[PDB]
Amino acid sequence: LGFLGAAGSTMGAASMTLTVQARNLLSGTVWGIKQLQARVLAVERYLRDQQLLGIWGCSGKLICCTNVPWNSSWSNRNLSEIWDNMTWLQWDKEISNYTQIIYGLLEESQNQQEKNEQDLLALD
Amino acid sequence: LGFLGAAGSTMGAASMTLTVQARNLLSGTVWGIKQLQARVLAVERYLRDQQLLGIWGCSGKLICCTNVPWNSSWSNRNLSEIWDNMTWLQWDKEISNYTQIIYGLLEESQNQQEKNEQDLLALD
Amino acid sequence: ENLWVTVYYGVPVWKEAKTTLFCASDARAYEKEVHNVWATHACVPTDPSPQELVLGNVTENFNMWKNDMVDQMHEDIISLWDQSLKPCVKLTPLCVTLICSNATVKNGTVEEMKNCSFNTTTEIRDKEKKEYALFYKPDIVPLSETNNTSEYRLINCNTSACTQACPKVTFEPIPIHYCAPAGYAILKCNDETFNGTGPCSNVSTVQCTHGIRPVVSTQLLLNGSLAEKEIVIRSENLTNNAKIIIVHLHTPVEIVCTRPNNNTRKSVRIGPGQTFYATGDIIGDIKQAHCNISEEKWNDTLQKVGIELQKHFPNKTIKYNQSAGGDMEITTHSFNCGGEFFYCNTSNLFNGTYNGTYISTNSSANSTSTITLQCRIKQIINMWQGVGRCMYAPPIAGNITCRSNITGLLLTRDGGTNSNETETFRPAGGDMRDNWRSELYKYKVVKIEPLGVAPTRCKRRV
Amino acid sequence: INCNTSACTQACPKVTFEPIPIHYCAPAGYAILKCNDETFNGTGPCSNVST
Amino acid sequence: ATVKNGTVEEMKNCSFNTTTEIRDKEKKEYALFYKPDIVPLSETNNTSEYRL
Ligand SMILES: *[C@@H]1O[C@H](CO)[C@@H](O[C@@H]2O[C@H](CO)[C@@H](O[C@@H]3O[C@H](CO)[C@@H](O)[C@H](O)[C@@H]3O)[C@H](O)[C@H]2NC(C)=O)[C@H](O)[C@H]1NC(C)=O
Ligand SMILES: *[C@@H]1O[C@H](CO)[C@@H](O[C@@H]2O[C@H](CO)[C@@H](O)[C@H](O)[C@H]2NC(C)=O)[C@H](O)[C@H]1NC(C)=O
């Protein structure tokens, strides 16, 4: 289906075929300095997102569920109506307010479990 | 033995000491704009190969065996005669045709595993 | 069941943002020389693949006016052209007195250009020789404020210094594909009746845009794309009578242009190892440059445009009229094709008007008859403000002809008075952003935001 | 002899034309292969090849 | 121009031929310059011929 082929497909149907959209984020071809700027900018963006995923413990990415509990004040919406028949592009316009809060919790939870990875392995 | 020190060695003997050849793919020193172009091109190449490995599930790379079954129509060659007494450089000139086919299967198999990583973990 | 946080990568999500799109072109131009043509000197070989993809359930608010791709196209073409004039000769020895002859003809009509002499510095710095060249009158101005009927000047040298266009490069508009770097997508509308701004219920994604023609014209929009099914009228705000209204036709109107005079190439060494060019004697008989348009086709075009100008002005008349006025660059239909800069008078194209009466279009008496526009030719050009604004276009020997397709109009609605019901449109000159806005209307750039967060039924197996 | 052809430049007095030796070499991800068989015709295989 | 007694802080009024917009036509002109930027031209004695 191509690059954005699942744009507008259901969130269930769009949550697969993620690799074809992950595989396009890195490429390059230049004339002049002002496009070399764009190239290194894109490389930087990719590395920033990868580093963010790693800080959450989702290295080897693509889909990665976690422990930071879903506070009801983030969605207040029904699971079927959000998964079966909503689309990701218009899901963003329902949760864009609250992702930036969740990211910090999602880092500190990784810290809180890597502490156990330290301690329990030491004791064993 | 150095950079390509295992070139020409047996595929078994060249399948080890991969780190010394993996470690040389990143470096840089530049005069002018054209060598800067070369530098960012090398960085992009490294990231492309890393992303491809991650899409297959071989993150934390170096050696990573899989499930995508070896169709007999890819080699039709005996295991000892290919592992004990062939070398990688002339192994490419026996299998160069069919790698590009295998890569897509090797992506979708990782997808077919991540589906279970979702489902079975959810049910538990 | 409970719900925790989960993160997906590779999600389809968009936000429109700025980005520098890189130009690409078809491979046949990339065996060519430096600066010939700009479409290859500063671009990359394009690929038709990947083919166009349609997004099967979408809605995105495209906007033809609140757009930033035209700004990039403007900046890129200015910088590219200013780069293209660097290796050329800069004509500073030509800022000298020109003594001109006063040949004259009376009765009927005549189209003379002056024969002017001027002392030149040869390869030797301190030795000079008498010479001559023929110049069109618009580029020649009298020098002295005191009365003298023979001592003239080039129109420059009062303003900035001024440059010859390189003889090896061309002004031919090779098509250009603008397209996006990694992490950005170009979204394309596909609803044929699109007003220009507002939602498109059918939206698509492409890798690289359709080949745009960097072609210059003021009052008529020359070679380019054609509308899909009917004429479309597009303006930023039709309640405003000053803004440029773009009319994009369905069927083209063919126009042929010609300079019949069999001109001659004359060369002049000006300083050590660089040559100034000029026209020598005119061969044959002196004649008038012009452009022809079929009359019935123009009546049909202006009538079909009148049918849609009355969708916003139903009761009132539409009453086309001549350009308002101003300098020679402001009023005429200026264009370049064949290499020589024409400036054609358009007053006969907008002389009458559709009066609501949609007069019968068939059967035409003689479709081979045409309406001729008389044209004037320059050699010194002020293409845009400030970008090394001179270019002396070296003359092309022989007689030349040019054939091209009309595809759109730039118009303007005149100021009303006395509550007039018969109000009038006119041709409009405009900045070049207006010209290219008719071509980049279909496209918008979006960034890909591939990281999303969702509630899920699984917990990490710590 | 010039001034009929292009204009023409003095060599700067501070710079020199001395041929200082130059080492060409490749960026990361590329290698230089060196033939080391002394009788090499110039084209064709080298049975001894080095990096 | 000269002043005597007390003190004076004056600057010179120097004329110079200039090429106008026409390469091969010139016109007379003048400008005032502070002395530190004006030096006598000829090594031979001349009370009026100066240089930048
Ligand atoms: C533009 O003006 C120039 C001069 O201002 C014209 O060039 C001049 O043309 C005349 C006529 O051919 C030349 O004089 C003739 O020379 C022959 C020598 O074979 C002689 O037998 C004749 O008695 C006559 O003297 C004259 O040399 C030439 N001037 C220069 C500087 O070359 C030119 O024809 C004019 N062009 C137009 C389109 O009006
Ligand atoms: C220069 O003028 C001649 C004569 O007007 C042109 O020759 C004609 O060109 C047309 C096509 O434009 C042909 O259909 C005719 O057969 C040609 N001959 C005649 C006698 O008409 C010539 O094309 C012009 N030069 C250029 C470059 O357009």
# chains A, B, ... in the order shown; residues from 1 in each chain; ligands from 1
$ select_by_dssp --residues "stretch 61-232 of chain C" --states "strand (DSSP E or B)" --output "ChimeraX atom specification"
/C:61-63,98-100,114-121,128-135,140-142,151-154,164,176-179,184-189,197-200,203-206,208,212,217,220-221,232
$ residues_around --residues "residue C:332" --least-positions-apart "6" --cutoff "7 Å" --atoms "only C-alpha atoms" --output "list in words"
residues 343, 344, 345 and 346 of chain C
$ write_last_selection --atoms "N, CA and C atoms" --output "tab-separated table (two decimals), in the first residue's frame"
chain	number	residue	atom	x	y	z
C	343	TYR	N	7.53	42.27	-26.22
C	343	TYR	CA	6.61	43.06	-25.39
C	343	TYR	C	5.43	43.43	-26.28
C	344	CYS	N	4.37	42.62	-26.24
C	344	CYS	CA	3.26	42.72	-27.17
C	344	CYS	C	2.11	43.50	-26.57
C	345	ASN	N	1.47	44.33	-27.40
C	345	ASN	CA	0.31	45.10	-26.98
C	345	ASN	C	-0.93	44.24	-27.10
C	346	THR	N	-1.71	44.18	-26.02
C	346	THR	CA	-2.83	43.26	-25.88
C	346	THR	C	-4.19	43.94	-26.01
$ residues_near_ligand --ligand "ligand 1" --cutoff "10 Å" --atoms "only C-alpha atoms and all ligand atoms" --output "VMD selection string"
chain C and resid 99 to 103 112 to 118 129 to 134 279 to 283
$ closest_atom_pairs --of "chain B" --to "chain D" --cutoff "12 Å" --atoms "only C-alpha atoms" --output "Markdown table"
| residue | atom | partner | partner_atom | distance |
| --- | --- | --- | --- | --- |
| B:1 | CA | D:51 | CA | 11.5 |
| B:2 | CA | D:51 | CA | 9.6 |
| B:3 | CA | D:51 | CA | 8.3 |
| B:4 | CA | D:51 | CA | 7.5 |
| B:5 | CA | D:51 | CA | 9.0 |
| B:6 | CA | D:51 | CA | 11.8 |
| B:7 | CA | D:50 | CA | 10.3 |
| B:8 | CA | D:49 | CA | 10.9 |
| B:21 | CA | D:29 | CA | 9.6 |
| B:22 | CA | D:29 | CA | 9.6 |
| B:23 | CA | D:28 | CA | 10.0 |
| B:24 | CA | D:28 | CA | 6.7 |
| B:25 | CA | D:29 | CA | 4.8 |
| B:26 | CA | D:28 | CA | 5.7 |
| B:27 | CA | D:28 | CA | 5.5 |
| B:28 | CA | D:27 | CA | 6.8 |
| B:29 | CA | D:27 | CA | 8.1 |
| B:30 | CA | D:27 | CA | 9.2 |
| B:31 | CA | D:27 | CA | 11.8 |
| B:34 | CA | D:27 | CA | 11.5 |
| B:35 | CA | D:27 | CA | 8.3 |
| B:36 | CA | D:27 | CA | 10.1 |
| B:37 | CA | D:27 | CA | 10.6 |
| B:38 | CA | D:27 | CA | 7.0 |
| B:39 | CA | D:27 | CA | 7.0 |
| B:40 | CA | D:28 | CA | 10.4 |
| B:41 | CA | D:28 | CA | 9.6 |
| B:42 | CA | D:28 | CA | 6.3 |
| B:43 | CA | D:28 | CA | 8.8 |
| B:44 | CA | D:29 | CA | 11.0 |
| B:45 | CA | D:29 | CA | 8.5 |
| B:46 | CA | D:29 | CA | 8.5 |
| B:49 | CA | D:29 | CA | 11.8 |
$ interface_residues --of "chain C" --to "chain E" --cutoff "9 Å" --atoms "only C-alpha atoms" --output "number ranges by chain"
C: 92-97, 153, 157-158
